[PDB]
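Okay, structure first, notes after.
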Amino acid sequence: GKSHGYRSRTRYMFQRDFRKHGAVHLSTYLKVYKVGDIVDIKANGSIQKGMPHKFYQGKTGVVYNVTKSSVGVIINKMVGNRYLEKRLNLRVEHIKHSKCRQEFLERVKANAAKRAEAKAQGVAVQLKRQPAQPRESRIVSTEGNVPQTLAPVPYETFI
Amino acid sequence: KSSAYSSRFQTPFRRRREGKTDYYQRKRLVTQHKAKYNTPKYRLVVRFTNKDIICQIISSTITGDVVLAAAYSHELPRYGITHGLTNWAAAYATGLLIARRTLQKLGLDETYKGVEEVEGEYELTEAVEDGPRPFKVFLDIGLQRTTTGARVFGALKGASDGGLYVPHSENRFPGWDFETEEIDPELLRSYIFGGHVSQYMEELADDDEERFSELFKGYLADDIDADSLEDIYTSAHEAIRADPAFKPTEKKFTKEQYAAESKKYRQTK
Amino acid sequence: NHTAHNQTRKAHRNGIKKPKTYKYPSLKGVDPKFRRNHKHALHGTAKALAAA
Amino acid sequence: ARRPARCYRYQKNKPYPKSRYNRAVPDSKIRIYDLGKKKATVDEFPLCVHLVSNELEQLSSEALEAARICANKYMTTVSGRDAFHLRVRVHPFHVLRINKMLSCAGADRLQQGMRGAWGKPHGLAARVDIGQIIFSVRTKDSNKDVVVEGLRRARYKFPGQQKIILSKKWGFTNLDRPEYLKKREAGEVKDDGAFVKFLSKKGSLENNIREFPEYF
Amino acid sequence: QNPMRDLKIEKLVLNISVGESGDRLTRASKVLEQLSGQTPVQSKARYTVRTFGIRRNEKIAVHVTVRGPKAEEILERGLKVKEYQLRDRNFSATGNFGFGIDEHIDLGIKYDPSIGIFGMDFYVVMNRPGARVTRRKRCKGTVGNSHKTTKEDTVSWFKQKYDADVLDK
RNA sequence: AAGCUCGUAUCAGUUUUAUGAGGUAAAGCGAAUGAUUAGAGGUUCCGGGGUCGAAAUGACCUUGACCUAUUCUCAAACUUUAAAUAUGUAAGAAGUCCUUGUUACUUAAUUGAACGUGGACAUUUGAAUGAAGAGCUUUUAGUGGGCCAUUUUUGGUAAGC
RNA sequence: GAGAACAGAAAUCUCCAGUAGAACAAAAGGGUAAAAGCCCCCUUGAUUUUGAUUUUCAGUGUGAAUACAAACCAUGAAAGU
RNA sequence: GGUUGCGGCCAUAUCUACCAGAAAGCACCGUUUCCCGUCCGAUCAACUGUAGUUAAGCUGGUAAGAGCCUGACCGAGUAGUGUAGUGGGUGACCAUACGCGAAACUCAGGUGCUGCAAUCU
């Protein structure tokens, strides 16, 4: 008989990191959570009260409700030919803020600054990113790094 | 030990190795209802060394706890007490001191006055009417075993009586009868003062007079007899109501001559 | 007996549609203790703007 | 009721060793993996010959035995028992299964078709790779002529292309001959009954000086 | 030398292992109520057997721990029963020892006529001042090898105190 | 199929930058659990034997055990470690910052939460490429026996199974 | 592992090591050490009202669970649960 | 800098063996009248800080130490792997092309960092 449980296929998913068993450090219980915050999901088996389903392990959602010991996140789930809003309730132990946004916000802070700086400076500025452009010309000095001839090695003396 | 033991050993946290904190307790004292987002949660740390008392008011950050106010028993001599610094009465006094200190640090010394006349009664701080609420702290007794009649619920009482809303019940005060499940305010008023020690003193003073000296050698300094204690500790109380502020010591050295000596004992690599 | 061959194609023909978020979403699952106070707050703001 | 070996040659089904899930399994026909002068020092037999595979297949417990004996009777009978040390390097841990279309056992004509065609175990195999030792022989430099032919007589008793290598290494060490002498004239070597114990330059100096006192 | 390093005795245990409950054990308990002043505690059993006939949660043995100078007194009046003589096997590696006895009136007790005869084990442990740090709740800490009791410390203390005769056989 | 509201939105079977999750391939077992070949060094008052023996908490052979330091080989239902491929999210106007309004929730509090007013930034409005328009609704058909190929893969000796 | 009369490989008693190799009703996997385990104290949140949500899923049921609200209770010094 | 209370990151902090530690501090220590808990004031409670010490604990040093951490012209661009071919081969398997890219080994170096309050020659 086939089993389809709330925790099937979780031998290795919810078991703690090596040598990180035990209580949870308090810096999970002090990170404050507001709505709109973008949080990544990662369960620990030590806290069974508030757990997510194995689907939402790995995912990333946006908070919409904040209660005692717990929060609520909206995750969009592909099923069939569309996505569905899933309003699930978790405890704060199965959660961490996403650093993607903490890296985007500082960039906003920075480009706003140099935008307001260029208005004082009397210059125009680029603040769109651009990808890894090709490499430009150069001149390679040959003074100490004079080329060492190479050649393929054989199989004999190697085996 | 073998190698595969110490390769796999999970070290507990540092303060659990040191035996100095219970994180099971710390979790439940520190956490707040997340809907109270960044409001802190103030603790009344109270600790009992061998010949000193610490009382501290502690909020919590991610980069370690923060002290709002602090009160050690080694500053009661400023208010008149010179002996028995690890005493139920001293604990009451110290709790009262930290209470009154904080309550004026904030601007609530006048509004919540506590109980300026003690009787040993179970009286929790009430809220003022159409006005600011009382300061709500909690209590962590470290690792101490809660037992009725301990020094630490003395400081619980002292803070409760100074004003800053420490919620508690009576059945770990002294004088509380396990049988009828009620309290004996007279005995508690005694214990607030030297009620459990003055009796021993004035008992030995006509039972065994030399051992009285062996112990209370310092009470024979200024000729402190076993009826002076009400008027000692109550003057201490009034003094603490009066000027609870923390006036620190004078530093004989500016913290660099202090390091200059110990650096030539520290035994570097 | 459960071939999944040709389901992704059928999905992607009429497409996989994102849910089309809105502004001012629903408040059916939030703390009612916050819901009530919000309801009382917004009327007050309405009134305060009714004059100014 | 032995199936041939050409049915169980290729590494097709992922391994099914003896365990609590597969308790009832026959023992192998190879038990002795060490032959010759076992208790002989690494100094006596410097020369090491190997037998390598060049394909990826499965070796039977009985073939390993039959090649073992075919290499033993030759060397023992031309050179002697205390001339060589042979190590069968591979162990058969994979288990071979067999349907055994049993026509009976419980009632009238029963157990037909392949309803529930899982296998009853009937053999053990050794999974082998592209470049992997099987026979590792250790002798002097005066007996390679025998060792080669002993291995060449064995490669007939199991399938595939199995090529013979004359190792640069001393004995069953990982070190080459002259490096071993650099260590032996130095005090970097200590003897065990069947092997060696090298010296380190990390560790407790007292425990490292008690041993290798010829060093320092 | 130093104070707070001499092997001050800490306790002594008086075990009696009957094997079966009844009035036998109450007579085994009325023997210590006067030799100690401390009401003993009856040891429940732990496992089962057919030979002794024991089962779990049966009180088949008693013991009591005594400290202070009363332990010294008992041991003083219990070693003169052994003619002050003890052997080397009796001393453990951990620095504490023990020995058994049969005639519980050798100590010199008022023999109540109904208790009869039955033996008794003594085990005596001693340590240096400062082994609280294994017991206290806050800031436990093992003790160090420069302060730790040993068999050789024990026999030396036992040659000095109790005046001589450890049969170091 | 009928269309409806709009007109290049903010969408995409795609890449990049940033940030997360995984426990497969490989690898390892002188690292855990299990499996396994070998000898060597020890230990016993203590598993068996043998000589010396009145005996031994006696001695020596010896094989078993365990203990130590190595050594050979393995794991779909073992693992410290840990890829490739595939995968979640973000890349702004529904934004950022300033100011200060409401509330019966919250705070020790004139604290915080949530939603706001009024301001400034509106040009490269904050990566690449593309866009044959984007979004939305009603209704109904036929189908609901599937087969083949590369690669991964389970049974089976194997099969055009 | 070291030790204590009868007492022995094993009753009881004492110390040291001991990251879990124990236990947690029951399969297997996970999880757990001032505990989630062992002992004790008080107890009935195994309660009332009806809703939102997750899993299986048509995003119907049923079953089981998660997080809040309003009332009443227990426990505890208290947080808290 | 030393120490204490509360702590954050939880082994660079652990483990083992030895040595040292002025100051205060911490501690060990001293007594059971009382609340209190024990068979045992050992634990726990309360009392004096008064009697006595640095032996312990604690902190710091040491070690071609175990362990852990970090990083590499170590291994290895190896193993594995995505895509491709009317490529090789009886086949198993393999090579090549465009790309991603490990682990174990080996070597070197490292051995707690720090926040609030108080306090000490």
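Order determines the names: the first chain of the structure tokens is A, the second B, and so forth; residues in each chain are numbered 1 upward, and ligands are numbered 1 upward as they are shown.
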Segment 256-258 of chain B surroundings by only C-alpha atoms (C1' of nucleotides), 12 Å radius, close-in-sequence under 6 positions cut, as a list in words: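 Final neighbour list, sorted by chain and number: residues 264 and 265 of chain B; 1, 2, 22, 23, 24, 119, 120 and 121 of chain H.
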Please produce an output containing C-alpha atoms (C1' of nucleotides) for each residue in the selection, written as a PDB file, in the first residue's frame.
ATOM      1  CA  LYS B 264      53.100  42.249  33.466  1.00  0.00           C
ATOM      2  CA  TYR B 265      51.426  39.292  35.152  1.00  0.00           C
TER       3      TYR B 265
ATOM      4  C1'   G H   1      44.185  44.777  30.921  1.00  0.00           C
ATOM      5  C1'   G H   2      42.000  41.315  35.371  1.00  0.00           C
ATOM      6  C1'   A H  22      49.773  40.633  42.582  1.00  0.00           C
ATOM      7  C1'   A H  23      44.816  43.427  43.278  1.00  0.00           C
ATOM      8  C1'   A H  24      40.123  43.150  44.362  1.00  0.00           C
ATOM      9  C1'   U H 119      34.567  47.025  39.748  1.00  0.00           C
ATOM     10  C1'   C H 120      40.049  46.319  40.832  1.00  0.00           C
ATOM     11  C1'   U H 121      46.645  48.711  41.593  1.00  0.00           C
TER      12        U H 121
END
So that I can see what lies close to segment 23-39 of chain C, please list as a PDB file with N, CA and C atoms (P, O5', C5', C4', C3', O3' and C1' of nucleotides), in the first residue's frame the residues with an atom at most 12 Å from it, counting only C-alpha atoms (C1' of nucleotides) and leaving out residues fewer than 2 positions away in the same chain.
ATOM      1  N   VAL A  35       4.686  42.748   8.211  1.00  0.00           N
ATOM      2  CA  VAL A  35       4.058  42.309   6.978  1.00  0.00           C
ATOM      3  C   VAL A  35       4.832  42.896   5.817  1.00  0.00           C
ATOM      4  N   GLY A  36       4.769  42.208   4.692  1.00  0.00           N
ATOM      5  CA  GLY A  36       5.536  42.570   3.541  1.00  0.00           C
ATOM      6  C   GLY A  36       6.935  42.042   3.526  1.00  0.00           C
ATOM      7  N   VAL A  63       5.140  37.879   4.157  1.00  0.00           N
ATOM      8  CA  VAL A  63       4.372  37.805   5.385  1.00  0.00           C
ATOM      9  C   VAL A  63       3.117  38.651   5.264  1.00  0.00           C
ATOM     10  N   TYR A  64       2.024  38.180   5.870  1.00  0.00           N
ATOM     11  CA  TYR A  64       0.766  38.906   5.886  1.00  0.00           C
ATOM     12  C   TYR A  64       0.062  38.940   7.226  1.00  0.00           C
ATOM     13  N   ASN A  65       0.477  38.133   8.188  1.00  0.00           N
ATOM     14  CA  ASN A  65      -0.145  38.117   9.495  1.00  0.00           C
ATOM     15  C   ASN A  65       0.916  37.803  10.514  1.00  0.00           C
ATOM     16  N   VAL A  66       0.775  38.414  11.680  1.00  0.00           N
ATOM     17  CA  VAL A  66       1.759  38.313  12.737  1.00  0.00           C
ATOM     18  C   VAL A  66       1.015  38.135  14.040  1.00  0.00           C
ATOM     19  N   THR A  67       1.220  37.003  14.679  1.00  0.00           N
ATOM     20  CA  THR A  67       0.602  36.674  15.940  1.00  0.00           C
ATOM     21  C   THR A  67       1.672  36.259  16.929  1.00  0.00           C
ATOM     22  N   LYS A  68       1.218  35.812  18.080  1.00  0.00           N
ATOM     23  CA  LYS A  68       2.116  35.324  19.101  1.00  0.00           C
ATOM     24  C   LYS A  68       2.843  34.112  18.570  1.00  0.00           C
ATOM     25  N   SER A  70       4.273  33.348  16.049  1.00  0.00           N
ATOM     26  CA  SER A  70       3.938  32.831  14.742  1.00  0.00           C
ATOM     27  C   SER A  70       3.604  33.945  13.788  1.00  0.00           C
ATOM     28  N   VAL A  71       3.667  33.594  12.517  1.00  0.00           N
ATOM     29  CA  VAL A  71       3.465  34.505  11.423  1.00  0.00           C
ATOM     30  C   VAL A  71       2.644  33.789  10.370  1.00  0.00           C
ATOM     31  N   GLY A  72       2.281  34.530   9.346  1.00  0.00           N
ATOM     32  CA  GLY A  72       1.560  33.991   8.230  1.00  0.00           C
ATOM     33  C   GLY A  72       2.124  34.479   6.929  1.00  0.00           C
ATOM     34  N   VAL A  73       2.314  33.562   5.996  1.00  0.00           N
ATOM     35  CA  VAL A  73       2.999  33.836   4.748  1.00  0.00           C
ATOM     36  C   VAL A  73       2.144  33.378   3.581  1.00  0.00           C
ATOM     37  N   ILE A  74       2.249  34.134   2.500  1.00  0.00           N
ATOM     38  CA  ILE A  74       1.548  33.871   1.259  1.00  0.00           C
ATOM     39  C   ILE A  74       2.567  33.320   0.283  1.00  0.00           C
ATOM     40  N   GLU A  85      -2.596  31.122  -4.342  1.00  0.00           N
ATOM     41  CA  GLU A  85      -2.130  31.742  -3.121  1.00  0.00           C
ATOM     42  C   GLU A  85      -2.417  30.825  -1.958  1.00  0.00           C
ATOM     43  N   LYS A  86      -1.386  30.554  -1.181  1.00  0.00           N
ATOM     44  CA  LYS A  86      -1.432  29.654  -0.058  1.00  0.00           C
ATOM     45  C   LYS A  86      -1.034  30.416   1.181  1.00  0.00           C
ATOM     46  N   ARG A  87      -2.009  30.637   2.036  1.00  0.00           N
ATOM     47  CA  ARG A  87      -1.878  31.466   3.214  1.00  0.00           C
ATOM     48  C   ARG A  87      -1.648  30.557   4.400  1.00  0.00           C
ATOM     49  N   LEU A  88      -0.387  30.271   4.687  1.00  0.00           N
ATOM     50  CA  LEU A  88      -0.054  29.297   5.701  1.00  0.00           C
ATOM     51  C   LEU A  88       0.569  29.962   6.913  1.00  0.00           C
ATOM     52  N   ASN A  89       0.374  29.315   8.050  1.00  0.00           N
ATOM     53  CA  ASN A  89       0.698  29.851   9.357  1.00  0.00           C
ATOM     54  C   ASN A  89       1.835  29.036   9.935  1.00  0.00           C
TER      55      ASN A  89
ATOM     56  N   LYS B  34       5.015  38.611  18.918  1.00  0.00           N
ATOM     57  CA  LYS B  34       5.567  39.323  17.781  1.00  0.00           C
ATOM     58  C   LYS B  34       4.719  40.500  17.367  1.00  0.00           C
ATOM     59  N   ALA B  35       3.430  40.476  17.665  1.00  0.00           N
ATOM     60  CA  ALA B  35       2.591  41.621  17.395  1.00  0.00           C
ATOM     61  C   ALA B  35       2.989  42.822  18.223  1.00  0.00           C
ATOM     62  N   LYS B  36       3.691  42.593  19.319  1.00  0.00           N
ATOM     63  CA  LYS B  36       4.421  43.620  20.038  1.00  0.00           C
ATOM     64  C   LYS B  36       5.823  43.549  19.476  1.00  0.00           C
TER      65      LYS B  36
ATOM     66  N   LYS C  20      -1.923  37.467 -10.244  1.00  0.00           N
ATOM     67  CA  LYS C  20      -2.374  38.847 -10.404  1.00  0.00           C
ATOM     68  C   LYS C  20      -2.719  39.471  -9.052  1.00  0.00           C
ATOM     69  N   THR C  21      -1.665  39.722  -8.292  1.00  0.00           N
ATOM     70  CA  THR C  21      -1.792  40.451  -7.046  1.00  0.00           C
ATOM     71  C   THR C  21      -2.535  41.765  -7.243  1.00  0.00           C
ATOM     72  N   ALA C  41      -9.845  52.829  13.320  1.00  0.00           N
ATOM     73  CA  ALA C  41      -8.886  53.836  12.925  1.00  0.00           C
ATOM     74  C   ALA C  41      -9.263  54.528  11.645  1.00  0.00           C
ATOM     75  N   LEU C  42      -9.659  53.763  10.648  1.00  0.00           N
ATOM     76  CA  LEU C  42      -9.958  54.320   9.349  1.00  0.00           C
ATOM     77  C   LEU C  42     -11.169  55.229   9.356  1.00  0.00           C
ATOM     78  N   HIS C  43     -12.187  54.915  10.153  1.00  0.00           N
ATOM     79  CA  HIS C  43     -13.307  55.832  10.281  1.00  0.00           C
ATOM     80  C   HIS C  43     -12.867  57.147  10.886  1.00  0.00           C
ATOM     81  N   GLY C  44     -11.983  57.097  11.873  1.00  0.00           N
ATOM     82  CA  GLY C  44     -11.487  58.320  12.459  1.00  0.00           C
ATOM     83  C   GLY C  44     -10.733  59.170  11.466  1.00  0.00           C
ATOM     84  N   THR C  45      -9.969  58.536  10.589  1.00  0.00           N
ATOM     85  CA  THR C  45      -9.216  59.279   9.595  1.00  0.00           C
ATOM     86  C   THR C  45     -10.142  59.887   8.565  1.00  0.00           C
ATOM     87  N   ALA C  46     -11.140  59.118   8.145  1.00  0.00           N
ATOM     88  CA  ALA C  46     -12.198  59.643   7.298  1.00  0.00           C
ATOM     89  C   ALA C  46     -12.831  60.887   7.900  1.00  0.00           C
TER      90      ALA C  46
ATOM     91  P     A F  94       2.457  53.900  -8.473  1.00  0.00           P
ATOM     92  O5'   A F  94       2.224  52.755  -7.386  1.00  0.00           O
ATOM     93  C5'   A F  94       1.743  53.115  -6.093  1.00  0.00           C
ATOM     94  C4'   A F  94       1.774  51.988  -5.088  1.00  0.00           C
ATOM     95  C3'   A F  94       3.064  51.188  -5.009  1.00  0.00           C
ATOM     96  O3'   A F  94       3.273  50.763  -3.666  1.00  0.00           O
ATOM     97  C1'   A F  94       1.291  49.748  -5.550  1.00  0.00           C
ATOM     98  P     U F 102      -4.657  62.834  15.885  1.00  0.00           P
ATOM     99  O5'   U F 102      -5.403  61.633  15.166  1.00  0.00           O
ATOM    100  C5'   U F 102      -6.706  61.799  14.636  1.00  0.00           C
ATOM    101  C4'   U F 102      -7.260  60.491  14.141  1.00  0.00           C
ATOM    102  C3'   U F 102      -7.386  59.416  15.198  1.00  0.00           C
ATOM    103  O3'   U F 102      -8.585  59.541  15.938  1.00  0.00           O
ATOM    104  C1'   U F 102      -6.317  58.525  13.290  1.00  0.00           C
ATOM    105  P     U F 103      -8.598  59.204  17.502  1.00  0.00           P
ATOM    106  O5'   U F 103      -8.478  57.632  17.512  1.00  0.00           O
ATOM    107  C5'   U F 103      -9.437  56.866  16.818  1.00  0.00           C
ATOM    108  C4'   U F 103      -9.111  55.400  16.853  1.00  0.00           C
ATOM    109  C3'   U F 103      -8.605  54.880  18.173  1.00  0.00           C
ATOM    110  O3'   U F 103      -9.638  54.696  19.111  1.00  0.00           O
ATOM    111  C1'   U F 103      -7.285  54.020  16.430  1.00  0.00           C
ATOM    112  P     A F 104      -9.364  54.895  20.676  1.00  0.00           P
ATOM    113  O5'   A F 104      -8.980  53.434  21.153  1.00  0.00           O
ATOM    114  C5'   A F 104      -9.158  53.038  22.501  1.00  0.00           C
ATOM    115  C4'   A F 104      -9.775  51.669  22.594  1.00  0.00           C
ATOM    116  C3'   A F 104      -9.148  50.623  21.696  1.00  0.00           C
ATOM    117  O3'   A F 104      -9.253  49.350  22.322  1.00  0.00           O
ATOM    118  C1'   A F 104     -11.391  50.938  21.069  1.00  0.00           C
ATOM    119  P     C F 105      -8.096  48.861  23.319  1.00  0.00           P
ATOM    120  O5'   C F 105      -7.131  48.045  22.374  1.00  0.00           O
ATOM    121  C5'   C F 105      -7.554  46.812  21.839  1.00  0.00           C
ATOM    122  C4'   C F 105      -6.501  46.222  20.946  1.00  0.00           C
ATOM    123  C3'   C F 105      -5.104  46.192  21.530  1.00  0.00           C
ATOM    124  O3'   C F 105      -4.884  45.057  22.342  1.00  0.00           O
ATOM    125  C1'   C F 105      -5.042  47.076  19.335  1.00  0.00           C
ATOM    126  P     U F 106      -4.088  45.205  23.722  1.00  0.00           P
ATOM    127  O5'   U F 106      -2.725  45.871  23.272  1.00  0.00           O
ATOM    128  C5'   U F 106      -1.819  45.130  22.486  1.00  0.00           C
ATOM    129  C4'   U F 106      -0.511  45.839  22.305  1.00  0.00           C
ATOM    130  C3'   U F 106       0.059  46.492  23.537  1.00  0.00           C
ATOM    131  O3'   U F 106       0.654  45.574  24.429  1.00  0.00           O
ATOM    132  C1'   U F 106       0.227  47.963  21.722  1.00  0.00           C
ATOM    133  P     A F 113       6.669  51.029  13.696  1.00  0.00           P
ATOM    134  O5'   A F 113       5.357  50.149  13.764  1.00  0.00           O
ATOM    135  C5'   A F 113       5.462  48.745  13.753  1.00  0.00           C
ATOM    136  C4'   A F 113       4.115  48.076  13.689  1.00  0.00           C
ATOM    137  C3'   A F 113       3.282  48.438  12.485  1.00  0.00           C
ATOM    138  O3'   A F 113       3.645  47.657  11.365  1.00  0.00           O
ATOM    139  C1'   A F 113       1.961  48.614  14.425  1.00  0.00           C
ATOM    140  P     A F 114       3.793  48.326   9.922  1.00  0.00           P
ATOM    141  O5'   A F 114       2.299  48.479   9.463  1.00  0.00           O
ATOM    142  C5'   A F 114       1.419  47.385   9.562  1.00  0.00           C
ATOM    143  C4'   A F 114      -0.005  47.831   9.365  1.00  0.00           C
ATOM    144  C3'   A F 114      -0.218  48.931   8.345  1.00  0.00           C
ATOM    145  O3'   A F 114      -0.219  48.465   7.014  1.00  0.00           O
ATOM    146  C1'   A F 114      -1.363  49.483  10.297  1.00  0.00           C
ATOM    147  P     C F 115       0.252  49.441   5.839  1.00  0.00           P
ATOM    148  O5'   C F 115      -0.913  50.509   5.778  1.00  0.00           O
ATOM    149  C5'   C F 115      -2.228  50.086   5.496  1.00  0.00           C
ATOM    150  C4'   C F 115      -3.218  51.204   5.632  1.00  0.00           C
ATOM    151  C3'   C F 115      -2.895  52.463   4.856  1.00  0.00           C
ATOM    152  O3'   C F 115      -3.261  52.387   3.492  1.00  0.00           O
ATOM    153  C1'   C F 115      -3.509  53.023   7.069  1.00  0.00           C
ATOM    154  P     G F 116      -2.596  53.389   2.429  1.00  0.00           P
ATOM    155  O5'   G F 116      -3.258  54.785   2.782  1.00  0.00           O
ATOM    156  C5'   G F 116      -2.460  55.837   3.290  1.00  0.00           C
ATOM    157  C4'   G F 116      -3.284  56.906   3.947  1.00  0.00           C
ATOM    158  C3'   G F 116      -2.858  58.319   3.619  1.00  0.00           C
ATOM    159  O3'   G F 116      -3.369  58.768   2.379  1.00  0.00           O
ATOM    160  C1'   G F 116      -3.028  58.107   5.940  1.00  0.00           C
TER     161        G F 116
ATOM    162  P     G G  51     -19.140  27.125  11.572  1.00  0.00           P
ATOM    163  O5'   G G  51     -18.322  28.455  11.316  1.00  0.00           O
ATOM    164  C5'   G G  51     -17.192  28.408  10.479  1.00  0.00           C
ATOM    165  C4'   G G  51     -16.459  29.714  10.433  1.00  0.00           C
ATOM    166  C3'   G G  51     -15.171  29.719   9.636  1.00  0.00           C
ATOM    167  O3'   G G  51     -15.354  29.860   8.242  1.00  0.00           O
ATOM    168  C1'   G G  51     -14.769  30.666  11.733  1.00  0.00           C
ATOM    169  P     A G  52     -14.467  28.995   7.227  1.00  0.00           P
ATOM    170  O5'   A G  52     -13.026  29.647   7.325  1.00  0.00           O
ATOM    171  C5'   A G  52     -12.850  31.034   7.114  1.00  0.00           C
ATOM    172  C4'   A G  52     -11.394  31.435   7.161  1.00  0.00           C
ATOM    173  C3'   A G  52     -10.414  30.485   6.511  1.00  0.00           C
ATOM    174  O3'   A G  52     -10.357  30.578   5.104  1.00  0.00           O
ATOM    175  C1'   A G  52      -9.613  31.034   8.616  1.00  0.00           C
ATOM    176  P     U G  53      -9.938  29.293   4.245  1.00  0.00           P
ATOM    177  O5'   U G  53      -8.540  28.865   4.854  1.00  0.00           O
ATOM    178  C5'   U G  53      -7.406  29.659   4.593  1.00  0.00           C
ATOM    179  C4'   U G  53      -6.165  29.127   5.253  1.00  0.00           C
ATOM    180  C3'   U G  53      -5.569  27.860   4.678  1.00  0.00           C
ATOM    181  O3'   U G  53      -4.800  28.068   3.518  1.00  0.00           O
ATOM    182  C1'   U G  53      -5.659  27.675   6.996  1.00  0.00           C
ATOM    183  P     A G  67       0.321  25.633  16.565  1.00  0.00           P
ATOM    184  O5'   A G  67      -0.198  27.016  16.024  1.00  0.00           O
ATOM    185  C5'   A G  67       0.670  27.799  15.247  1.00  0.00           C
ATOM    186  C4'   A G  67       0.023  29.061  14.769  1.00  0.00           C
ATOM    187  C3'   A G  67      -0.733  29.851  15.809  1.00  0.00           C
ATOM    188  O3'   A G  67       0.088  30.624  16.654  1.00  0.00           O
ATOM    189  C1'   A G  67      -2.067  29.632  13.922  1.00  0.00           C
ATOM    190  P     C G  68      -0.453  31.045  18.096  1.00  0.00           P
ATOM    191  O5'   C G  68      -1.287  32.353  17.798  1.00  0.00           O
ATOM    192  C5'   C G  68      -2.643  32.442  18.193  1.00  0.00           C
ATOM    193  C4'   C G  68      -3.377  33.492  17.417  1.00  0.00           C
ATOM    194  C3'   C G  68      -4.553  34.112  18.128  1.00  0.00           C
ATOM    195  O3'   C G  68      -4.214  35.085  19.092  1.00  0.00           O
ATOM    196  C1'   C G  68      -5.256  33.442  16.032  1.00  0.00           C
ATOM    197  P     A G  69      -5.098  35.177  20.421  1.00  0.00           P
ATOM    198  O5'   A G  69      -6.531  35.523  19.863  1.00  0.00           O
ATOM    199  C5'   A G  69      -6.730  36.747  19.205  1.00  0.00           C
ATOM    200  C4'   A G  69      -8.179  36.970  18.878  1.00  0.00           C
ATOM    201  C3'   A G  69      -9.117  36.959  20.061  1.00  0.00           C
ATOM    202  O3'   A G  69      -9.120  38.179  20.767  1.00  0.00           O
ATOM    203  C1'   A G  69     -10.005  35.615  18.362  1.00  0.00           C
ATOM    204  P     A G  70      -9.160  38.177  22.366  1.00  0.00           P
ATOM    205  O5'   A G  70     -10.670  37.821  22.689  1.00  0.00           O
ATOM    206  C5'   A G  70     -11.722  38.542  22.076  1.00  0.00           C
ATOM    207  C4'   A G  70     -13.056  37.905  22.344  1.00  0.00           C
ATOM    208  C3'   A G  70     -13.376  37.612  23.795  1.00  0.00           C
ATOM    209  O3'   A G  70     -13.877  38.747  24.465  1.00  0.00           O
ATOM    210  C1'   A G  70     -13.929  35.751  22.440  1.00  0.00           C
TER     211        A G  70
END
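We find atom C1' of residue 117 of chain H and atom CA of residue 28 of chain A to be spaced 25.1 Å apart.
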Every residue of segment 59-198 of chain D that DSSP places in helix (DSSP H, G or I), as a PyMOL selection string: chain D and resi 61-78+81-83+144-154+177-185
Who sits within 7 Å of residue 97 of chain B, only C-alpha atoms (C1' of nucleotides), same chain under 6 positions skipped, as an NGL selection string: :B and (71 or 240 or 244)
Kindly save the residues from that selection, with N, CA, C and O atoms included, as a PDB file, in the first residue's frame.
ATOM      1  N   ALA B  71      21.781  47.374  40.668  1.00  0.00           N
ATOM      2  CA  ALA B  71      21.828  47.618  42.098  1.00  0.00           C
ATOM      3  C   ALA B  71      22.471  46.446  42.798  1.00  0.00           C
ATOM      4  O   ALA B  71      21.896  45.357  42.852  1.00  0.00           O
ATOM      5  N   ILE B 240      16.599  55.360  50.875  1.00  0.00           N
ATOM      6  CA  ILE B 240      16.506  54.860  49.520  1.00  0.00           C
ATOM      7  C   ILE B 240      15.352  55.513  48.791  1.00  0.00           C
ATOM      8  O   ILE B 240      15.459  55.820  47.600  1.00  0.00           O
ATOM      9  N   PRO B 244      17.916  57.489  45.735  1.00  0.00           N
ATOM     10  CA  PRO B 244      18.306  56.178  45.210  1.00  0.00           C
ATOM     11  C   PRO B 244      19.338  56.215  44.098  1.00  0.00           C
ATOM     12  O   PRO B 244      19.726  55.152  43.606  1.00  0.00           O
TER      13      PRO B 244
END
Expected answer as a PyMOL selection string: chain F residues within 9 Å of chain B, only C-alpha atoms (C1' of nucleotides): chain F and resi 31-32+80+106-109+111-113
Pairwise distance for atom CA of residue 60 of chain E and atom CA of residue 119 of chain E, rounded to one decimal in Å: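 Those two atoms sit 14.0 Å apart.
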